[PDB]
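Shown next: input_23.txt, given as compact mmCIF, C-alpha atoms.
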```txt
# COMPACT_ATOMS: atom_id res chain seq x y z
CA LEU A 1 0.00 0.00 0.00
CA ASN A 2 2.90 2.34 0.78
CA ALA A 3 4.36 1.69 -2.66
CA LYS A 4 1.00 2.43 -4.27
CA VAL A 5 0.70 5.77 -2.48
CA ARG A 6 4.27 6.71 -3.36
CA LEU A 7 3.71 5.93 -7.03
CA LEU A 8 0.51 7.98 -7.05
CA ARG A 9 2.30 10.85 -5.37
CA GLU A 10 5.11 10.87 -7.93
CA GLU A 11 2.79 10.33 -10.90
CA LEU A 12 2.32 14.08 -11.27
CA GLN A 13 5.87 14.67 -12.49
CA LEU A 14 6.03 11.47 -14.54
CA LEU A 15 2.93 12.69 -16.39
CA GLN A 16 4.54 16.01 -17.32
CA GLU A 17 7.33 14.46 -19.38
CA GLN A 18 6.86 14.71 -23.11
CA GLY A 19 5.59 11.89 -25.27
CA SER A 20 7.17 9.87 -28.03
CA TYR A 21 6.15 9.73 -31.67
CA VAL A 22 5.02 6.53 -33.36
CA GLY A 23 6.88 5.88 -36.59
CA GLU A 24 6.77 3.13 -39.21
CA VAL A 25 10.26 1.80 -39.95
CA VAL A 26 11.11 1.65 -43.65
CA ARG A 27 14.43 -0.19 -43.54
CA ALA A 28 17.26 -0.52 -41.08
CA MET A 29 20.46 0.67 -42.70
CA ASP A 30 23.99 1.90 -42.10
CA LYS A 31 25.88 1.50 -38.84
CA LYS A 32 22.91 1.61 -36.49
CA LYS A 33 20.45 4.10 -38.00
CA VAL A 34 16.96 3.53 -39.37
CA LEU A 35 14.73 5.33 -41.85
CA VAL A 36 11.40 6.06 -40.13
CA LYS A 37 8.22 7.55 -41.55
CA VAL A 38 6.57 9.73 -38.91
CA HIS A 39 2.95 10.02 -39.98
CA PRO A 40 2.02 12.62 -41.21
CA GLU A 41 5.45 14.26 -41.53
CA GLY A 42 8.32 13.07 -43.71
CA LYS A 43 10.98 10.45 -43.28
CA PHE A 44 14.02 10.74 -41.03
CA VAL A 45 17.30 8.90 -40.49
CA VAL A 46 17.27 8.38 -36.75
CA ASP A 47 19.62 6.79 -34.25
CA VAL A 48 18.95 3.58 -32.32
CA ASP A 49 19.51 3.30 -28.60
CA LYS A 50 21.69 0.68 -26.97
CA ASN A 51 18.93 -1.64 -25.79
CA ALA B 1 38.03 2.81 -61.40
CA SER B 2 38.34 6.23 -63.07
CA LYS B 3 41.58 5.13 -64.75
CA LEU B 4 43.33 6.92 -67.58
CA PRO B 5 42.46 6.32 -71.26
CA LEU B 6 45.42 5.02 -73.23
CA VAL B 7 44.20 6.72 -76.44
CA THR B 8 46.88 5.00 -78.42
CA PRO B 9 45.51 3.51 -81.66
CA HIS B 10 43.28 1.53 -79.25
CA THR B 11 44.00 -1.58 -81.36
CA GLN B 12 46.65 -4.11 -80.44
CA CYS B 13 49.85 -2.20 -81.09
CA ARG B 14 53.17 -1.27 -79.57
CA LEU B 15 51.95 2.13 -78.43
CA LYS B 16 48.94 0.61 -76.68
CA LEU B 17 51.49 -1.65 -75.00
CA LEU B 18 53.80 1.12 -73.77
CA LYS B 19 50.87 3.28 -72.68
CA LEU B 20 49.61 0.46 -70.44
CA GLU B 21 53.01 -0.65 -69.22
CA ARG B 22 53.46 2.91 -67.95
CA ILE B 23 50.18 2.98 -66.03
CA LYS B 24 50.96 -0.47 -64.63
CA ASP B 25 54.37 0.67 -63.44
CA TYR B 26 52.99 3.78 -61.75
CA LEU B 27 50.31 1.69 -60.02
CA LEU B 28 53.15 -0.58 -58.89
CA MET B 29 55.12 2.29 -57.36
CA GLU B 30 51.97 3.61 -55.70
CA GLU B 31 51.09 0.20 -54.28
CA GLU B 32 54.59 -0.32 -52.91
CA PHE B 33 54.63 3.10 -51.26
CA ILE B 34 51.15 2.58 -49.82
CA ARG B 35 52.05 -0.82 -48.40
CA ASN B 36 55.16 0.70 -46.88
CA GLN B 37 53.11 3.44 -45.23
CA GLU B 38 50.47 1.01 -43.95
CA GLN B 39 53.15 -1.16 -42.37
CA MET B 40 54.82 1.96 -40.95
CA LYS B 41 51.50 3.23 -39.55
CA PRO B 42 47.96 1.77 -39.76
CA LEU B 43 46.23 5.18 -39.89
CA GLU B 44 43.06 3.29 -38.96
CA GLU B 45 42.60 5.60 -35.98
CA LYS B 46 43.15 8.73 -38.07
CA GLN B 47 40.80 7.60 -40.85
CA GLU B 48 38.36 6.83 -38.07
CA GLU B 49 37.19 9.80 -36.00
CA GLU B 50 36.65 11.55 -39.29
CA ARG B 51 33.46 9.52 -39.39
CA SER B 52 32.97 10.87 -35.88
CA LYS B 53 33.42 14.50 -36.91
CA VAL B 54 31.07 14.01 -39.85
CA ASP B 55 28.41 12.37 -37.69
CA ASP B 56 28.84 15.26 -35.27
CA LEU B 57 28.10 17.74 -38.05
CA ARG B 58 25.10 15.71 -39.25
CA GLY B 59 22.86 15.55 -36.19
CA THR B 60 20.87 12.48 -35.23
CA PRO B 61 17.44 13.56 -36.58
CA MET B 62 18.54 13.84 -40.20
CA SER B 63 15.63 14.84 -42.43
CA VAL B 64 14.79 13.32 -45.81
CA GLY B 65 13.84 16.17 -48.11
CA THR B 66 13.71 16.34 -51.89
CA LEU B 67 16.25 18.39 -53.83
CA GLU B 68 14.62 20.54 -56.49
CA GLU B 69 17.26 22.76 -58.06
CA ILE B 70 21.03 22.94 -57.69
CA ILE B 71 22.30 26.47 -58.29
CA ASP B 72 25.46 24.82 -59.73
CA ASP B 73 27.50 26.29 -56.86
CA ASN B 74 27.39 24.12 -53.71
CA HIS B 75 23.94 25.55 -52.93
CA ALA B 76 20.51 24.04 -53.36
CA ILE B 77 16.78 24.51 -52.95
CA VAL B 78 15.61 21.56 -50.85
CA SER B 79 11.91 20.98 -50.23
CA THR B 80 10.84 19.54 -46.90
CA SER B 81 8.17 16.86 -46.87
CA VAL B 82 5.27 19.20 -46.11
CA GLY B 83 5.97 21.32 -49.18
CA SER B 84 8.03 24.25 -47.95
CA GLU B 85 11.02 25.33 -50.01
CA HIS B 86 14.32 26.19 -48.33
CA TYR B 87 17.60 27.49 -49.75
CA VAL B 88 20.37 25.58 -48.04
CA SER B 89 24.13 25.19 -48.38
CA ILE B 90 25.63 21.97 -49.73
CA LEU B 91 28.42 20.80 -47.45
CA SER B 92 31.73 19.30 -48.50
CA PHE B 93 31.21 15.57 -47.80
CA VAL B 94 28.24 14.89 -50.09
CA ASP B 95 29.19 12.85 -53.16
CA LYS B 96 28.02 15.33 -55.78
CA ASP B 97 27.95 12.67 -58.50
CA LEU B 98 24.72 11.56 -56.83
CA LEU B 99 22.98 14.96 -56.83
CA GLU B 100 20.36 15.52 -59.53
CA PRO B 101 16.94 17.19 -59.31
CA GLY B 102 14.38 14.95 -57.68
CA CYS B 103 16.84 13.03 -55.52
CA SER B 104 15.87 12.22 -51.95
CA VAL B 105 18.40 14.35 -50.12
CA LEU B 106 19.28 14.03 -46.44
CA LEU B 107 19.16 17.43 -44.73
CA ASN B 108 20.16 18.71 -41.31
CA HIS B 109 17.34 19.12 -38.82
CA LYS B 110 18.09 22.62 -37.56
CA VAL B 111 19.82 23.98 -40.65
CA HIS B 112 18.57 21.75 -43.52
CA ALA B 113 22.03 21.97 -45.15
CA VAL B 114 22.41 19.02 -47.49
CA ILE B 115 24.46 16.26 -45.86
CA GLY B 116 23.71 13.17 -47.97
CA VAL B 117 21.55 11.40 -50.55
CA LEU B 118 19.68 8.09 -50.66
CA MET B 119 19.11 5.37 -53.25
CA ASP B 120 15.78 5.01 -55.04
CA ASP B 121 13.67 2.21 -56.49
CA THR B 122 14.91 0.52 -59.66
CA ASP B 123 11.44 -0.13 -61.13
CA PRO B 124 10.06 2.91 -62.89
CA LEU B 125 9.61 0.40 -65.68
CA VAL B 126 12.81 -1.66 -65.62
CA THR B 127 11.19 -4.77 -64.18
CA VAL B 128 8.02 -4.71 -66.27
CA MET B 129 9.77 -4.63 -69.67
CA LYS B 130 13.01 -6.57 -69.14
CA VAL B 131 12.53 -10.25 -70.04
CA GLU B 132 15.56 -11.91 -68.36
CA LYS B 133 16.34 -15.38 -69.74
CA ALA B 134 13.81 -16.71 -72.23
CA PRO B 135 11.99 -19.70 -70.66
CA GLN B 136 11.48 -21.26 -74.10
CA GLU B 137 15.09 -22.16 -74.98
CA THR B 138 18.48 -20.93 -76.24
CA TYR B 139 19.75 -20.93 -79.83
CA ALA B 140 19.55 -24.74 -79.71
CA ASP B 141 15.78 -24.80 -80.18
CA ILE B 142 15.98 -22.68 -83.32
CA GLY B 143 16.92 -24.38 -86.56
CA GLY B 144 16.57 -23.75 -90.28
CA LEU B 145 17.40 -20.03 -90.21
CA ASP B 146 21.21 -20.16 -90.21
CA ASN B 147 21.55 -17.10 -92.45
CA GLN B 148 19.04 -14.94 -90.58
CA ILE B 149 20.57 -15.78 -87.20
CA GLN B 150 23.95 -14.86 -88.67
CA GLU B 151 22.60 -11.47 -89.74
CA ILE B 152 21.19 -10.73 -86.30
CA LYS B 153 24.37 -11.90 -84.58
CA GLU B 154 26.42 -9.51 -86.70
CA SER B 155 23.94 -6.67 -86.22
CA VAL B 156 23.45 -6.76 -82.45
CA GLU B 157 25.81 -9.31 -80.86
CA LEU B 158 29.05 -8.87 -82.80
CA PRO B 159 29.29 -5.10 -82.10
CA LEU B 160 29.22 -5.99 -78.40
CA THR B 161 31.60 -8.95 -78.52
CA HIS B 162 34.56 -7.62 -80.52
CA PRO B 163 34.31 -3.87 -81.20
CA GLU B 164 37.76 -3.96 -82.79
CA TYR B 165 36.42 -5.24 -86.11
CA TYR B 166 34.03 -2.33 -86.68
CA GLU B 167 36.32 0.10 -84.92
CA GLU B 168 39.36 -0.83 -87.03
CA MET B 169 37.71 0.43 -90.19
CA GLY B 170 35.80 3.42 -88.83
CA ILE B 171 32.23 2.18 -89.51
CA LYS B 172 29.55 2.07 -86.80
CA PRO B 173 27.24 -0.95 -86.59
CA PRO B 174 23.86 -0.86 -88.30
CA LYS B 175 21.20 1.04 -86.39
```
Let me see the file written as C-alpha cells.
Amino acid sequence: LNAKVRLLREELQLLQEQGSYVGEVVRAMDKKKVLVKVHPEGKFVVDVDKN
Amino acid sequence: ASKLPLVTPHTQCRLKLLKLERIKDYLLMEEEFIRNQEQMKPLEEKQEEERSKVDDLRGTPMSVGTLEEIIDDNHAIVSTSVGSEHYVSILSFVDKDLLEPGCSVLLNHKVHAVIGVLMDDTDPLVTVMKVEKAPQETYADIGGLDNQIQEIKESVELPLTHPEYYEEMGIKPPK
C-alpha cells in the first residue's frame, strides 16, 4: 500500500514528461540508423539506442 | 576505377602496350609506397574519428527532403516533406555525382544543409519490360534459319563482342 501511495504521489511529475512519436520503420540501414516515416510528416534517419 | 584512357591507336599495337606498361608501373610504385606506409602506420585511428566528426556535423534527426534545383555552386533549394522550399548550403562531404533534381536528399534538422543522398527504387519500368532469360530455350531450339541468325548476330551481338572489327575500319554498326 505504501508503494501504491508513493507511485501515485510521484505520478504528477512522470505525467509532465513529453511523449514519443510513433513511426513506421522503412528499412534498417547503415551503422545503427533507421529510416522512419513519422505520420504525417516526412521520413528521417534516426539513431537507435543501446537496448 | 576512373583510370586513364590510353588513347593510343586503341587496337593491339606497340603504343597501346607502352601506354599500359606505364600505367601499370605507376600503379606498382603507388602500391609499394602505400604498403610501406600502412606497415609503418595503420592510420586506422586517423581515418576513423573523421566519421565521428562528420556524424557530429550531421545531427541524429537527419531529415529526408527532396532536392529541387542545384544552383550549380554548392547551394541548393531543398523541399521539406510538407511542401516548404528552403535554400540551403551543400556541405563538402556529399558525393556530388549523386545529386540531380528529384533526388531524396538528407538534410540537417536545424539547418537543412544538405548532408547526404539516398538510393531510389529501380522499377520505374525496368522490371516490367526486361525479359531476363527466355523460358522457351536458347539458340539450340531454333533451326533452319542459319543465315538470318547470322545477320542478327552480326547486327546486335558482334558489335558488343569484338568492337575492334568495326572500330578498325571506322564504320559504326547498323542502327
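The list of residues with at least one atom within 8 Å of residue 33 (chain A), based on only C-alpha atoms and without residues fewer than 5 positions apart in the same chain, reads residues 28, 45, 46, 47 and 48 of chain A.
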For chain A, which residues have at least one atom within 12 Å of chain B, if we go by only C-alpha atoms? Write them as a ChimeraX atom specification, please.
/A:29-49
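As for CA of residue 95 (chain B) and CA of residue 3 (chain B), they are spaced 18.6 Å apart.
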To one decimal place in Å, what is the distance between CA of residue 20 (chain B) and CA of residue 165 (chain B)?
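So the answer is 21.3 Å.
As for CA of residue 97 (chain B) and CA of residue 116 (chain B), they are spaced 11.4 Å apart.
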Kindly list the centre and edge lengths in Å, rounded to one decimal, for the axis-aligned box that covers all listed atoms of region 46-50 of chain A plus 6 Å on each of its six sides, as AutoDock Vina command-line options.
```
--center_x 19.5 --center_y 4.5 --center_z -31.9 --size_x 16.4 --size_y 19.7 --size_z 21.8
```
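Of the listed residues B:167, B:173, B:42, B:119, the one whose atoms come nearest to residue 154 (chain B) is B:173, with distances taken using only C-alpha atoms.
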Test item: residues at most 12 Å from residue 23 (chain B), all atoms listed in the file, excluding those fewer than 4 positions along its chain, as a PyMOL selection string:
chain B and resi 3-6+16-19+27-30
Neighbourhood query: residues within 10 Å of (15.4, 22.5, -53.9), file coordinates, counting all atoms listed in the file; return as a ChimeraX atom specification.
/B:65-71,75-80,84-88,101-103,105
How would region 18-46 of chain A look with N, CA and C atoms restored, written as a compact mmCIF listing (two decimals), in the frame of the given file?
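Listed below is the output, selection.txt:
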```
# COMPACT_ATOMS: atom_id res chain seq x y z
N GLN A 18 7.44 14.73 -21.78
CA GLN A 18 6.86 14.71 -23.11
C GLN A 18 6.51 13.29 -23.52
N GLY A 19 5.90 13.17 -24.69
CA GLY A 19 5.59 11.89 -25.27
C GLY A 19 6.64 11.46 -26.27
N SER A 20 6.31 10.40 -26.99
CA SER A 20 7.17 9.87 -28.03
C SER A 20 6.34 9.60 -29.27
N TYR A 21 6.87 9.95 -30.43
CA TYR A 21 6.15 9.73 -31.67
C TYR A 21 6.10 8.25 -32.00
N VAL A 22 5.11 7.88 -32.81
CA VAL A 22 5.02 6.53 -33.36
C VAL A 22 5.39 6.61 -34.83
N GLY A 23 6.44 5.91 -35.22
CA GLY A 23 6.88 5.88 -36.59
C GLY A 23 6.88 4.49 -37.18
N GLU A 24 6.73 4.39 -38.49
CA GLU A 24 6.77 3.13 -39.21
C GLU A 24 8.14 2.98 -39.86
N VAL A 25 8.91 1.99 -39.42
CA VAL A 25 10.26 1.80 -39.95
C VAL A 25 10.18 1.38 -41.41
N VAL A 26 11.03 1.97 -42.24
CA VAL A 26 11.11 1.65 -43.65
C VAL A 26 12.18 0.60 -43.92
N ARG A 27 13.40 0.83 -43.44
CA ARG A 27 14.43 -0.19 -43.54
C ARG A 27 15.61 0.20 -42.67
N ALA A 28 16.03 -0.72 -41.81
CA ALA A 28 17.26 -0.52 -41.08
C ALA A 28 18.40 -0.40 -42.08
N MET A 29 19.37 0.44 -41.75
CA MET A 29 20.46 0.67 -42.70
C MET A 29 21.64 1.27 -41.95
N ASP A 30 22.79 1.23 -42.61
CA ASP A 30 23.99 1.90 -42.10
C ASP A 30 24.46 1.29 -40.80
N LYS A 31 25.27 2.03 -40.05
CA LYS A 31 25.88 1.50 -38.84
C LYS A 31 24.82 1.04 -37.86
N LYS A 32 24.02 1.96 -37.36
CA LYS A 32 22.91 1.61 -36.49
C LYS A 32 21.70 2.51 -36.66
N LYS A 33 21.57 3.20 -37.79
CA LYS A 33 20.45 4.10 -38.00
C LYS A 33 19.32 3.41 -38.75
N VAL A 34 18.14 4.03 -38.69
CA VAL A 34 16.96 3.53 -39.37
C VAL A 34 16.26 4.68 -40.06
N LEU A 35 15.51 4.36 -41.10
CA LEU A 35 14.73 5.33 -41.85
C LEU A 35 13.26 5.16 -41.45
N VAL A 36 12.71 6.17 -40.77
CA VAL A 36 11.40 6.06 -40.13
C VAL A 36 10.47 7.13 -40.66
N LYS A 37 9.32 6.68 -41.16
CA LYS A 37 8.22 7.55 -41.55
C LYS A 37 7.47 7.95 -40.29
N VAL A 38 7.30 9.25 -40.08
CA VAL A 38 6.57 9.73 -38.91
C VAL A 38 5.27 10.34 -39.39
N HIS A 39 4.22 9.54 -39.46
CA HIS A 39 2.95 10.02 -39.98
C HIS A 39 2.51 11.22 -39.15
N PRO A 40 2.14 12.34 -39.78
CA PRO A 40 2.02 12.62 -41.21
C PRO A 40 3.27 13.23 -41.83
N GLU A 41 4.28 13.57 -41.02
CA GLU A 41 5.45 14.26 -41.53
C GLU A 41 6.28 13.31 -42.40
N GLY A 42 7.47 13.79 -42.79
CA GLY A 42 8.32 13.07 -43.71
C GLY A 42 9.21 12.07 -43.01
N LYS A 43 10.09 11.47 -43.80
CA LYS A 43 10.98 10.45 -43.28
C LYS A 43 12.17 11.10 -42.58
N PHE A 44 12.84 10.31 -41.76
CA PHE A 44 14.02 10.74 -41.03
C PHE A 44 15.03 9.61 -41.06
N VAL A 45 16.26 9.91 -40.68
CA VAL A 45 17.30 8.90 -40.49
C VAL A 45 17.75 9.02 -39.05
N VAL A 46 17.17 8.20 -38.18
CA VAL A 46 17.27 8.38 -36.75
C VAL A 46 18.25 7.38 -36.18
```
